[PDB]
Amino acid sequence: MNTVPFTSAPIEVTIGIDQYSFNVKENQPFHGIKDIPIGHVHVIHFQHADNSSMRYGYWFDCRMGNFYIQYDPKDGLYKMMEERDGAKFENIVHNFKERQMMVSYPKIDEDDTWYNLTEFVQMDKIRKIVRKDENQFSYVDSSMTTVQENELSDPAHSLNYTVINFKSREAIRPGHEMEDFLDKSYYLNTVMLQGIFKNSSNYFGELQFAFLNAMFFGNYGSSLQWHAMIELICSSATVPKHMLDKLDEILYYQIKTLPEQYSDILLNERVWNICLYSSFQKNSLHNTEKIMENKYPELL
Amino acid sequence: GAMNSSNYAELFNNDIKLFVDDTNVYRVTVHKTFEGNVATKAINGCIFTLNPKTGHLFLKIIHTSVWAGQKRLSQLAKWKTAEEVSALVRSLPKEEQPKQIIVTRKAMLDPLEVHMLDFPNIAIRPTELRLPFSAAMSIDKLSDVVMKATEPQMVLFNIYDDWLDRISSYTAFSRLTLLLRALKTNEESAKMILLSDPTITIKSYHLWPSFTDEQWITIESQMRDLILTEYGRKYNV
Ligand SMILES: CN(CC(N)=O)Cc1cccc(Cl)c1
């Protein structure tokens, strides 16, 4: 069980840790989050009480270092930092734990939600999408644009998701124009899976990371990426059966976790109707179709 | 963006552009089978690709053999159209290639865009105008070359005959669209108007009769009357 301790909480803020959230008052004696499960990536995220604009947060894996949060009054945000002195950090954490100044990651034992949402997400792949090599953790916020968005303006602050474009030479083999546009299997299986991602686990990891950034930060370019990666599979006539079964589980837990009040903005009507009802895979996503129909029948 | 009444005069500027109409690519007769079911038989079709500034028409004849053994023919027809338009562009010298291609039906946008990926600087545009190019097969010489074709073939015409010696492109296109709209709304009457006077002939190298300026004004008036009427005979007004 790992711990992300906090120097202080000088400004009133709603703090999220994965799918959980709690409110901290201005100058409340809060000193961090303990009992964080080992084996998964995690995200700790912030929304200030005075500017609900800019949700921001940090992806991290406690196996990669000892991380803490300290509020910077110049830049005006809670910053994640790495402590290289293990003795000092373990001692600070033990002192905070003894004084019961930490909240406990409130995982129900029966609950596999976070595992199911992060099954294929790896910290090393996150660090290639979010390039800041001097840190072991990754900052994301509501406003960061994607490489693809930038092409249509600061590169150091971009989300380097894999560019997917259905009307591109990468997607369309000369001489197979109609074939490749109407059945994207070659673009999925040769270009993306064999060529770029190398395996379906890495593809699903980026898909899952894109969804989580959309949900936690309202990051619009991440929502675009998530839907594009869904659409590429659903629009392929030839998909390994293990991938279709895994996609159904992935999407089921994503739809299950989405806040009902955000389904209006976070769910693209065209993609989902195409994917569940017109695409080659209209009959291959039974669990996802069932939850979508019982939870968001309006969109459809 | 889309071509509409507001940006109409762009058609006659000096940027090369082509209209593409796919209406007559996939043509069938519907008939009954011996068992009393319904079947279709394809007949030869054509792509209508027109430079509205110069009158140059590239009429690619689509021979029924291209459909043999294929499924979903109405869908395939759009992709075949886009393949042939792309091949035409590639066949033209660089200085003759269009800067824009305007498709008369929006369902041609994606097929043509995908086939033209190698030409990122050629804009593919829809239009809000309801152009009457489907009536091109009511022009006797065009229908005749399409029906007689025994294999795929490209035939070149000037759809304005020699009109540009005496009138501007704007006026020529307006005359063409009037003639075609008439032929589309009441083909028999329209053709009666054009041919009623035996002494006005069609030159061997032309599509339409050799009217004088004064006779074109009368003809054009007769076509507008026909269109208004039919619009009455239709809506009863
Ligand atoms: C005390 N250092 C600041 C310093 N560099 O002296 C910050 C800090 C590190 C680790 C855990 C917590 Cl919560 C606080």
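Below, read A as the first sequence line, B as the second, and so on, with proteins coming before strands; counting in each chain starts at 1.
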Nearest 0.5 angstrom please: B/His115 NE2 to A/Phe181 CZ, how far?
11.0 Å
Take atom [atom1] of [X] as the centre, draw a 6.0 Å sphere, and report whether it contains more than 12 heavy atoms from other residues, nucleotides or ligands.
X	atom1	value
A/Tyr262	OH	no
A/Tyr220	OH	no
A/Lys282	NZ	yes
B/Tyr231	OH	no

Non-hydrogen side-chain atoms of A/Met178 and B/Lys78 separated by less than 4.5 Å
no
Segment of B/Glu83 engaging chain A (4.5 angstrom heavy-atom cut-off):
neither
So which of B/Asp118, B/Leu117, B/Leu76 has the largest heavy-atom pair count under 4.5 angstrom toward chain A?
B/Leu117
